[PDB]
$ cat coords.cif   # mmCIF, N, CA and C atoms
data_structure
loop_
_atom_site.label_atom_id
_atom_site.label_comp_id
_atom_site.auth_asym_id
_atom_site.auth_seq_id
_atom_site.Cartn_x
_atom_site.Cartn_y
_atom_site.Cartn_z
N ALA A 1 39.37 61.32 21.73
CA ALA A 1 39.07 60.00 22.27
C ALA A 1 37.66 59.94 22.85
N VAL A 2 36.99 58.81 22.62
CA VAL A 2 35.66 58.61 23.17
C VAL A 2 35.73 58.56 24.69
N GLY A 3 34.67 59.05 25.34
CA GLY A 3 34.57 59.03 26.78
C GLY A 3 34.36 57.62 27.31
N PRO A 4 34.55 57.44 28.61
CA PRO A 4 34.36 56.11 29.20
C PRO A 4 32.89 55.73 29.23
N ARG A 5 32.64 54.42 29.20
CA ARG A 5 31.27 53.92 29.22
C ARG A 5 30.58 54.31 30.53
N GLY A 6 29.30 54.64 30.43
CA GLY A 6 28.52 55.03 31.58
C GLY A 6 28.35 53.90 32.58
N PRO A 7 27.88 54.23 33.78
CA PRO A 7 27.73 53.21 34.82
C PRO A 7 26.51 52.33 34.58
N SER A 8 26.43 51.27 35.38
CA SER A 8 25.31 50.35 35.29
C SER A 8 24.01 51.04 35.69
N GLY A 9 22.92 50.59 35.07
CA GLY A 9 21.62 51.10 35.41
C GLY A 9 21.13 50.55 36.74
N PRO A 10 19.93 50.96 37.14
CA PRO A 10 19.39 50.51 38.42
C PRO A 10 18.89 49.08 38.33
N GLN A 11 18.84 48.43 39.50
CA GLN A 11 18.34 47.07 39.57
C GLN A 11 16.87 47.03 39.19
N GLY A 12 16.46 45.92 38.59
CA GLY A 12 15.07 45.72 38.24
C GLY A 12 14.17 45.68 39.46
N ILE A 13 12.87 45.73 39.19
CA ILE A 13 11.87 45.69 40.25
C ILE A 13 11.66 44.25 40.71
N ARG A 14 11.03 44.11 41.87
CA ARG A 14 10.76 42.78 42.40
C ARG A 14 9.67 42.09 41.60
N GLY A 15 9.84 40.78 41.40
CA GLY A 15 8.80 40.00 40.77
C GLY A 15 7.57 39.89 41.65
N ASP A 16 6.46 39.48 41.04
CA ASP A 16 5.22 39.35 41.78
C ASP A 16 5.29 38.20 42.77
N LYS A 17 4.52 38.33 43.84
CA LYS A 17 4.34 37.25 44.79
C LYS A 17 3.65 36.08 44.11
N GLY A 18 4.04 34.87 44.48
CA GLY A 18 3.47 33.68 43.87
C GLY A 18 1.98 33.57 44.10
N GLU A 19 1.36 32.70 43.31
CA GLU A 19 -0.07 32.47 43.42
C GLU A 19 -0.38 31.62 44.64
N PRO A 20 -1.57 31.81 45.19
CA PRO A 20 -2.03 30.97 46.31
C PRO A 20 -2.17 29.47 45.88
N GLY A 21 -1.85 28.55 46.78
CA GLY A 21 -2.05 27.14 46.53
C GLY A 21 -3.53 26.85 46.34
N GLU A 22 -3.85 25.68 45.80
CA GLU A 22 -5.26 25.36 45.60
C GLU A 22 -5.92 24.96 46.91
N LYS A 23 -7.25 24.97 46.89
CA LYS A 23 -8.03 24.56 48.05
C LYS A 23 -7.69 23.13 48.45
N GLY A 24 -7.64 22.89 49.75
CA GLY A 24 -7.34 21.58 50.27
C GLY A 24 -8.45 20.58 49.99
N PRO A 25 -8.18 19.30 50.23
CA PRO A 25 -9.19 18.27 49.99
C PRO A 25 -10.31 18.34 51.02
N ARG A 26 -11.39 17.64 50.71
CA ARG A 26 -12.57 17.64 51.55
C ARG A 26 -12.32 16.85 52.83
N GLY A 27 -12.99 17.26 53.91
CA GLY A 27 -12.78 16.62 55.19
C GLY A 27 -13.27 15.19 55.22
N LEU A 28 -12.78 14.45 56.21
CA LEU A 28 -13.20 13.07 56.42
C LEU A 28 -14.65 13.03 56.88
N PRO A 29 -15.35 11.95 56.57
CA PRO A 29 -16.75 11.79 57.05
C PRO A 29 -16.84 11.74 58.62
N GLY A 30 -17.93 12.26 59.17
CA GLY A 30 -18.13 12.23 60.61
C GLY A 30 -18.34 10.82 61.12
N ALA I 1 42.69 64.99 24.21
CA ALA I 1 41.29 65.35 24.05
C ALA I 1 40.39 64.13 24.23
N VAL I 2 39.64 64.10 25.33
CA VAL I 2 38.78 62.97 25.67
C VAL I 2 37.38 63.49 25.95
N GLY I 3 36.38 62.70 25.57
CA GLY I 3 35.00 63.05 25.79
C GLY I 3 34.51 62.64 27.16
N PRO I 4 33.30 63.06 27.49
CA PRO I 4 32.75 62.80 28.83
C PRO I 4 32.20 61.38 28.95
N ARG I 5 32.06 60.96 30.21
CA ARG I 5 31.50 59.65 30.51
C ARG I 5 30.08 59.54 29.97
N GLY I 6 29.70 58.32 29.59
CA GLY I 6 28.40 58.08 29.00
C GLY I 6 27.30 58.03 30.03
N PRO I 7 26.06 57.95 29.55
CA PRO I 7 24.92 57.91 30.46
C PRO I 7 24.80 56.56 31.16
N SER I 8 24.10 56.58 32.29
CA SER I 8 23.82 55.34 33.00
C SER I 8 22.92 54.44 32.16
N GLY I 9 23.07 53.14 32.34
CA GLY I 9 22.32 52.17 31.58
C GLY I 9 20.87 52.10 31.99
N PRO I 10 20.07 51.35 31.23
CA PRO I 10 18.66 51.18 31.58
C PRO I 10 18.50 50.27 32.79
N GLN I 11 17.27 50.20 33.29
CA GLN I 11 16.98 49.40 34.46
C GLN I 11 16.92 47.93 34.08
N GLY I 12 17.43 47.08 34.97
CA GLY I 12 17.48 45.65 34.70
C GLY I 12 16.10 45.05 34.57
N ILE I 13 16.08 43.76 34.21
CA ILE I 13 14.79 43.11 34.00
C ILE I 13 14.12 42.86 35.35
N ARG I 14 12.81 42.63 35.28
CA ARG I 14 12.02 42.39 36.47
C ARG I 14 12.32 41.01 37.04
N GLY I 15 12.24 40.89 38.36
CA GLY I 15 12.53 39.63 39.01
C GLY I 15 11.50 38.56 38.69
N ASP I 16 11.89 37.31 38.93
CA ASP I 16 11.00 36.19 38.67
C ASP I 16 9.80 36.22 39.61
N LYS I 17 8.66 35.74 39.11
CA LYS I 17 7.50 35.56 39.97
C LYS I 17 7.75 34.41 40.93
N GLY I 18 7.25 34.56 42.16
CA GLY I 18 7.37 33.49 43.12
C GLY I 18 6.62 32.25 42.70
N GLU I 19 7.03 31.11 43.25
CA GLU I 19 6.35 29.86 42.96
C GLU I 19 5.04 29.81 43.72
N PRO I 20 4.10 29.00 43.23
CA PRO I 20 2.79 28.85 43.90
C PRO I 20 2.92 28.32 45.38
N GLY I 21 1.97 28.69 46.23
CA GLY I 21 1.94 28.18 47.58
C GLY I 21 1.56 26.71 47.58
N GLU I 22 1.75 26.05 48.72
CA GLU I 22 1.35 24.66 48.84
C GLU I 22 -0.17 24.54 48.87
N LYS I 23 -0.66 23.34 48.57
CA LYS I 23 -2.08 23.07 48.72
C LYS I 23 -2.49 23.22 50.18
N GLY I 24 -3.69 23.75 50.39
CA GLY I 24 -4.19 23.99 51.73
C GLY I 24 -4.35 22.71 52.53
N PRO I 25 -4.67 22.86 53.81
CA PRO I 25 -4.88 21.68 54.65
C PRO I 25 -6.22 21.02 54.35
N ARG I 26 -6.32 19.77 54.78
CA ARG I 26 -7.55 19.02 54.57
C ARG I 26 -8.67 19.60 55.42
N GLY I 27 -9.89 19.55 54.88
CA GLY I 27 -11.03 20.05 55.62
C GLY I 27 -11.25 19.30 56.92
N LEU I 28 -11.99 19.95 57.82
CA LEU I 28 -12.27 19.38 59.13
C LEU I 28 -13.20 18.18 58.99
N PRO I 29 -13.17 17.29 59.98
CA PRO I 29 -14.10 16.13 59.99
C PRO I 29 -15.62 16.56 59.98
N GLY I 30 -16.49 15.68 59.52
CA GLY I 30 -17.91 15.94 59.53
C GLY I 30 -18.51 15.76 60.91
N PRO D 1 33.93 62.64 21.69
CA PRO D 1 32.65 61.92 21.68
C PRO D 1 32.22 61.42 23.05
N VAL D 2 30.92 61.49 23.34
CA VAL D 2 30.42 61.02 24.63
C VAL D 2 30.56 59.50 24.71
N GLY D 3 30.79 59.02 25.93
CA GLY D 3 30.95 57.60 26.14
C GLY D 3 29.67 56.83 25.88
N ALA D 4 29.83 55.52 25.72
CA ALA D 4 28.69 54.65 25.47
C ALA D 4 27.79 54.59 26.70
N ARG D 5 26.52 54.30 26.46
CA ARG D 5 25.59 54.10 27.56
C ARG D 5 25.98 52.84 28.34
N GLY D 6 25.81 52.90 29.66
CA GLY D 6 26.14 51.80 30.51
C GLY D 6 25.27 50.58 30.27
N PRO D 7 25.68 49.44 30.80
CA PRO D 7 24.86 48.23 30.67
C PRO D 7 23.63 48.33 31.56
N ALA D 8 22.68 47.44 31.28
CA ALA D 8 21.48 47.37 32.10
C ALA D 8 21.84 46.99 33.53
N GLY D 9 20.98 47.41 34.46
CA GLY D 9 21.15 47.05 35.85
C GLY D 9 20.91 45.57 36.08
N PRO D 10 21.15 45.10 37.29
CA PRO D 10 20.94 43.68 37.59
C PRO D 10 19.45 43.34 37.58
N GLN D 11 19.17 42.05 37.40
CA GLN D 11 17.78 41.59 37.47
C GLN D 11 17.24 41.86 38.87
N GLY D 12 15.96 42.22 38.93
CA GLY D 12 15.31 42.52 40.19
C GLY D 12 15.17 41.30 41.07
N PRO D 13 14.74 41.50 42.31
CA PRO D 13 14.63 40.38 43.25
C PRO D 13 13.41 39.51 42.95
N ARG D 14 13.51 38.27 43.41
CA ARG D 14 12.45 37.29 43.22
C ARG D 14 11.28 37.57 44.15
N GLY D 15 10.07 37.28 43.67
CA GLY D 15 8.90 37.39 44.51
C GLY D 15 8.84 36.26 45.52
N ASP D 16 8.11 36.51 46.60
CA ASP D 16 7.96 35.51 47.65
C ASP D 16 7.13 34.33 47.16
N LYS D 17 7.36 33.17 47.77
CA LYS D 17 6.50 32.02 47.52
C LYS D 17 5.06 32.36 47.87
N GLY D 18 4.13 31.88 47.05
CA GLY D 18 2.72 32.15 47.28
C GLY D 18 2.24 31.58 48.60
N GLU D 19 1.08 32.07 49.02
CA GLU D 19 0.49 31.62 50.28
C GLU D 19 -0.15 30.25 50.10
N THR D 20 -0.21 29.50 51.19
CA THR D 20 -0.84 28.19 51.18
C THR D 20 -2.33 28.33 50.89
N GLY D 21 -2.88 27.34 50.20
CA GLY D 21 -4.30 27.36 49.89
C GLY D 21 -5.16 27.34 51.14
N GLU D 22 -6.42 27.70 50.96
CA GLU D 22 -7.37 27.68 52.06
C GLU D 22 -7.75 26.25 52.42
N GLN D 23 -8.32 26.10 53.62
CA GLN D 23 -8.72 24.78 54.08
C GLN D 23 -9.87 24.24 53.23
N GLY D 24 -9.90 22.92 53.09
CA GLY D 24 -10.92 22.27 52.29
C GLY D 24 -12.27 22.29 52.97
N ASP D 25 -13.26 21.79 52.24
CA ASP D 25 -14.62 21.73 52.75
C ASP D 25 -14.69 20.79 53.96
N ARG D 26 -15.61 21.10 54.87
CA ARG D 26 -15.89 20.20 55.97
C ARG D 26 -16.43 18.88 55.43
N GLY D 27 -16.05 17.78 56.07
CA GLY D 27 -16.55 16.49 55.67
C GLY D 27 -18.06 16.38 55.83
N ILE D 28 -18.63 15.42 55.11
CA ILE D 28 -20.04 15.11 55.29
C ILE D 28 -20.26 14.61 56.71
N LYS D 29 -21.46 14.84 57.24
CA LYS D 29 -21.70 14.49 58.65
C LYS D 29 -21.90 13.04 58.96
N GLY D 30 -21.84 12.72 60.24
CA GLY D 30 -22.11 11.37 60.67
C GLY D 30 -23.60 11.22 60.89
#
$ encode --input "coords.cif" --output "structure tokens"
Amino acid sequence: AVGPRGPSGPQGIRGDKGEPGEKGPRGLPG
Amino acid sequence: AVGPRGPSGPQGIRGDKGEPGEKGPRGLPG
Amino acid sequence: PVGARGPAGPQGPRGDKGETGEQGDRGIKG
């Protein structure tokens, strides 16, 4: 008889941190 | 007559990339 | 016979949300 199926592998690695948001809009006139 | 347990599985897929950050704050007044 | 190889591990964890964008340009002067 064939042996039992092996256990689950290890969990995957963490995904990359998201990208930074874009630069904010320009300030109001003085 | 039985065979031995199988090998552990491969590592799971990599996690999702994080979503982009919010847009920055508005620039300071002139 | 040796058992089958195990299934893949779970998907890895999600990356953090990206950082907020930098502040915008200073406004034109008064």
$ residues_around --input "coords.cif" --residues "residue 30 (chain I)" --least-positions-apart "3" --cutoff "7 Å" --atoms "only N, CA and C atoms" --output "list in words"
residues 27, 28, 29 and 30 of chain A; 27 of chain I; 26, 27, 28, 29 and 30 of chain D
$ resolve_selection --input "coords.cif" --expression "the PyMOL selection byres (((chain A and resi 9 and name CA) around 12) and name CA)" --output "list in words"
residues 5, 6, 7, 8, 10, 11 and 12 of chain A; 6, 7, 8, 9, 10, 11, 12 and 13 of chain I; 5, 6, 7, 8, 9, 10, 11 and 12 of chain D
$ resolve_selection --input "coords.cif" --expression "the PyMOL selection byres (((chain A and resi 18 and name CA) around 10) and name CA)" --output "ChimeraX atom specification"
/A:15-17,19-21 /I:16-21 /D:14-19
$ atom_distance --input "coords.cif" --atom1 "CA of residue 13 (chain D)" --atom2 "atom C of residue 24 (chain I)"
27.5 Å
$ residues_around --input "coords.cif" --residues "residue 1 (chain A)" --least-positions-apart "6" --cutoff "9 Å" --atoms "only C-alpha atoms" --output "ChimeraX atom specification"
/I:1-3 /D:1
$ resolve_selection --input "coords.cif" --expression "the PyMOL selection byres ((chain I and resi 25) around 6)" --output "PyMOL selection string"
(chain A and resi 24-25) or (chain I and resi 23-24+26-27) or (chain D and resi 21-24)
$ atom_distance --input "coords.cif" --atom1 "atom C of residue 20 (chain D)" --atom2 "atom N of residue 14 (chain A)"
22.6 Å
